[PDB]
C-alpha cells in the first residue's frame, strides 16, 4: 500500500552507489587540486585525526597510503592537543582529519594544532562549512548527503572513497583510479547481497566475531562497530593473525565468525585461518573462494586490492539491515 516499509538504514544503503557517483563527479576537481599540492609539497609522513567510525576510515587509509606511497601514518590521539596542548614536530607532514559533521572540539583542536606545528591539514568531511573545515588548509567534501541512519553507511563509504581518490591522484595510479571509477557499479551489486546463511547463524547465536588481515582489518573493525550500533548485540573484530592467540577462545564462544577477505596479498592467509577455525567446529564464513572448509560468502570484487573492502562492507551493511528488519529491530 501507500505506507512504505523500508528502514532508513536500507534507504541509505540503496543510496550508496549514487552517493559515490556524486563524489566522483563533483569532488574530482577538489581532489585533483589537493593531490597537486601534495605532489608539490612532497610530505614524508602522514598523521590522521579522527574518532568513531571515522577512525576506521583512517585505518583503511593508513594501509592505503603505506601500500601505495610507502608513507608512514601516525594516528594522533586528540588529547595530545585538547588536553596537553603538546607541541609536535609536524613539518613535512600531511595531517588528514576525517569527520562526518566536523564539529568535534577534540578533532578540531588536534587538526588546528597540527597546522600550527607545521602540517598541511586536509579535512574529509560531509560539511564544508564546519569548524574543522575552518582549521584546515583544504577541505574535501565527501558528498554523502544527509544521513538519517545511525548506521551512517554513506559517510563511511564516501569518506574512504574521498581518501582513496586523493591517494590515487597523488600516486598517479591508473589501476586504482579505474577501480574507483567503477565503484558505483560494484557497490550497486554488493548492496544486492544479504548473506541469509549468516543471518540464520546469528539468529541462532546472537553475537559476532569479524576478522580482517591487512587493509580489510579496517572494514572488519567498522563491521563490529556498526553491528553493535544497529542491533545492540555484541561483536568483536580481530586480526586473523591474532584471533587464535587472544584472551578468549573464539571457538569455545560458539558464535559465528565472518572473515573479511579482499583480493589482495592477505586473501590467502585470511582464508587459511578461516579454515583452521572451521576445522575446530566453529561456524565460519569468509568473503573469498579460497576457503575450502569455511563457508564462501557471496561477494563482488572491485578491480583493485584497495577498493575491495568497500564492496565487502556494503554487503555486510545489507546483511545487518536484513537481519534486524526481519527480527523487528529498527536500527533507528
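Residue numbers count along the first chain shown, from 1.
Residue range whose averaged C-alpha B-factor is higher in the record, 212 to 220 or 234 to 242: According to the PDB entry, the answer is 234 to 242.
Mean C-alpha temperature factor, higher of 113 to 121 and 243 to 251: It is 243 to 251 that shows the higher mean C-alpha B-factor.
Can you pull the Cα B-factors for 291, 58, 306, 47 from the entry and say which is highest? Spelled out: the listed residue with the top C-alpha B-factor is 291.
Kindly indicate the residue among 279, 65, 271, 35 with the greatest C-alpha B-factor in the PDB record. The C-alpha B-factor peaks, among 279, 65, 271, 35, at 279.
Which third, lowest, middle or highest, does the CA B-factor of residue 27 fall in along this chain? Highest third - that is where residue 27 ends up once the chain's C-alpha B-factors are sorted.
What third of its chain's C-alpha B-factors does residue 184 belong to: lowest, middle or highest? It falls in the middle third of the chain.
Is residue 52 in the lowest, middle or highest third of its chain when residues are ranked by C-alpha B-factor? It falls in the bottom third of the chain.
Sort the modelled residues of this chain by their C-alpha B factor and say whether residue 198 lands in the lowest, middle or highest third. Top third by C-alpha B-factor.
Could you say whether, by C-alpha temperature factor, residue 286 belongs to the lowest, middle or highest third of its chain? As the PDB entry reports it, the C-alpha B-factor of residue 286 lands in the middle third of its chain.
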